[PDB]
């Protein structure tokens, strides 16, 4: 209901709309505190009175709009005054949205210039969002007098106060989870140390038994690497809890747990569809101070987000008004090429599309606030020093490797950036230097991200992440619109790139908060042996200039005792061995009988694809050549001229006569009868003997008949 | 072929032995990792070089796919005539020194007034006019005031009408039948020579104006062409006041401004029933041609006056200053000149440049790096020999036998080498370091 | 339209050349294994080799390098002496 009324208020441009915003902010500001009967001081009756007041105000404004319809369709002629008083009433007409929406009415043919002075768009005197908000709020009033809402209060009253105990029990549960993960980690460390000791003992006993042929103790790295011999291989190789509601329960639990990241995601979306300086502070402050907060963001963060969001909604709404000049048609159309223009720079415009994103931002923010209140978690060196200390010393933490996730996200943004390269430049659809240097910067960002992951530098990742957010924001919002001469609203592909990079920022901030997992990681792709892993690794290797990139980055950025080329040799060995093992496992998963030939069907649909593909590959260059080597055509010559003269002297007699409409008496096309007569005369131009005339008639008629009468 | 096989064997064995000796000269400790400094200045070179190799084709393309520029057209000419007959009224007037009263660049005040008139050309409702104003102002504001030239042809004829009396009689009798002939309106924009392209860029457009088959109009045209005063040649919707001069094409009509003129001025043009190619010219001006004999018929001269369609007093039009020498309005043709040309347009861009880039990346990778850079699992059996001193001794012994003019032992020793390279167990037993 | 780009036989020549290069580079390589590759691409059970390589990876990631070079030498010898490769690849028992 509050979402509907806030959407109705933000959609409209009038003081009635401002009433909607103020009323809904007073309502949602108190949250569920006014849905109780505490202290027996007429609390719930006051709630009903306030809701009935909202009802009465919505009906007041619906009546005012209906009565102003006629005031704007026939009583608008009092608005055609001179300046001053007329100017003031023209402005109040603008700010009450006094216009005509019943389009069947005749236009005021003596009053167009006045409408040019104060231009009010038609789709504002209507109601729409107003009537749907009325629907939702009258339904809510009906709910407020139902038996169900009594149990709703029962769930609220004397149970939201149990939030203090809820916080304690949640703290105990998460501390138990911390103990469980700690014991799991020490068990894993014990397992790793045991395996390493077993390998060392096996090597020592093997060399102990092989000391008979051990005739060279290595002194350098090369001798150790090259001391392979038979003595190291002389040993034997050793409606209920059912599944129907599982998805619903999982989604509800995940949403309840991740309200915070959902709120930052909606902040990013609101930012990217409302690019402007009045909107940047939300994602900036989030990603900088509340997102990367190692514990939960404090109450101050959430309350300052609430306050800044409400005031930015207010200022945006007052910016949708018409008395200001940039919202007029003339200014908007005089200033739509430049994206640095003041209205677009600040982030305010006509916004014909209904901007519903900041409403859901406010409501997700208040929703997370409500969950914090429900759980009870809502309540030296300075605050910055304490922030840094708690960030780098996690009293509460989880462990999980999210590098594959962020690698996926930034590979996707790279792909959409190189594919959507057209909109990053800009007739003149030609590749710019900015594009290639942007790809350079993105590749270097991927490289440094992998470097920080491999070195497990928490501070390095944090500083790189902060600078990357700063860069992304300032570039996308000031330089890209300036360079490409395209507004951030009309930069949809860059908008998607910004959203993807902000999701990467979200996951990177999560990783920084939870710390780099020091547990052994691996190649992140050969953990399991299967057909999907087979295809992924095969295409990763087949893609050129990607495998050795990853290997060189690893070798330079991890700690190892073996050189560059030897490291690539080992990586190639691992790739080959993993491919072989995955092939063995795949063949085991789909075994084939022994002695029975492959079925004719499998051959069939394995043989037609390869043969047809290879043949069409053979004959596709010829195919494209034939489809590209086509015959052209020219229309008949338009103008023809003649010039008789004596050499180096004026045209003694010059002609020019044209007109290809087939009706001209000068440049006329050949008539079929004349062509037939000419052909007959050419054919009957030979002699009886003298076969030279025979061959001449051959050539002449062959030449003539090759050209049609067109 | 066996000799090349032996030479390749010697090359491989010498390379292996030299690698062993080089590693011995600069040994590395066992159990201590490579120092971070060595990793640093061995890793930045390779990574930076490979990345710049990846993005160097794009770098050179960007530095080679730059935007060109042309100066403003130098000379412009106009030609009014009847189809297949001499220029009935021909103009040519130029001079790009910014001081010319004929070919002058657009003044900032005039451009501002024109832009304001275009912007205030919409209606309250009828959002079609909204979108038309969108497109028209977007089109206009894309060209600066350096790219718009005010072309002002004189009304009085450039040359006396050079038509023979017999050919003029042919004109008269052709315009006295059912045969339909077209008025010719030719305006040619000629650019100054550019040495890079080395082509005299001349832009010309022809606007054939059909003559109504009404005998009354044809009779008036006939009488005017004969020489009878008082009858003016009327040419409906012939010359456009606004021209776009592109880099290499015809004079493209400002179709958005054309639509604005057609269906945004208060005298809306009744363009309901018109042929498609004709309604695109519905916003053109209408010249009026008046022959001026003065003295004897040898001195035929034509004067042209243009009347704007719809409302002549509309603010969208640019005012024509009268002649400072005779007292007649100039013929104004506003030019919207383009400056960019494609240097190579990605060599007739069809996706091949991207295709050839990916193909060359594929081939260079799979030919150089995967080969010389990651040893095959079969090569390790021969490129990782601990001590190749025995193999080098065998090969040098073969060389000494050959150079000692002895060949009884050469084949046997070569067979020894072949078996050594053929049985890996013997290679293992024949490569162990020292003891 | 293009007259085979000033037809001199090059278009046929470049067609045959690209056919040659694409064939001998892609199909003969990734499509028919060399007689030397069968010694390494037709191992019955590579579980032991994968165990060795994963053990090397675990040693490296455990901040230990005393055993890394020795195990890499073991792998090099395994790939260097085909008899040991035969004895170190047999399936299960």
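By Swiss-Prot numbering, chain A shows 1174-1411, 1594-1734, 1809-1855, 1866-2149, in order.
Using N, Cα and C of the backbone, Cβ positions are placed for all residues, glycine too.
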Topological domain name match (Swiss-Prot): residue A:1216 vs residue A:1987, membrane: no
Annotated range (Swiss-Prot: transmembrane segment) out of A:1357-1377, A:1378-1398, A:1686-1706, A:1707-1727: A:1707-1727
Among A:1211, A:1646, residue that the record in Swiss-Prot marks as N-linked glycosylation site: A:1646
Transmembrane segment range according to Swiss-Prot, out of A:2026-2046, A:2047-2067, A:2068-2088: A:2047-2067
Cβ contacts of residue A:1646 (N-linked glycosylation site) (under 8 Å, same chain, 6 or more positions away): A:1619, A:1652, A:1944, A:1945, A:1948
Tally of DSSP helical, extended and coil residues in the topological domain 'Cytoplasmic' (A:1922-1930): 2 helix, 0 strand, 7 coil
Chain residues outside the topological domain 'Cytoplasmic' (A:1922-1930) and at least six past its termini with a C-beta under 8 angstroms from it: 1627-1628, 1630, 1691-1694, 1699, 1704, 1852-1855, 1871, 1873, 1915-1916
Contact check, the transmembrane segment (A:1834-1854) vs the transmembrane segment (A:1931-1951), 3+ Cβ pairs under 8 Å, seq sep 6+: yes
Non-local residues, at least 6 beyond the ends, that sit with Cβ under 8 Å of the transmembrane segment (A:1931-1951): 1616, 1619-1620, 1623-1624, 1627-1628, 1638, 1642, 1646-1647, 1820, 1831-1832, 1834-1835, 1838-1839, 1841-1842, 1845-1846, 1849, 1852-1853, 1888, 1897, 1900-1901, 1904, 1907-1908, 1911, 1915, 1919
Contact call for the transmembrane segment (A:1707-1727) against the transmembrane segment (A:2047-2067), three or more Cβ pairs under 8 Å: no
Sequence-remote partners of the transmembrane segment (A:1655-1675) [C-beta within less than 8 Å, at least six residues beyond its ends]: 1182-1183, 1186, 1190-1191, 1194, 1198, 1629, 1633-1634, 1636-1637, 1640-1641, 1644-1645, 1648, 1682, 1701-1703, 1705-1706, 1710, 1713, 1716-1717, 1720-1721, 1723-1724, 1727, 1733
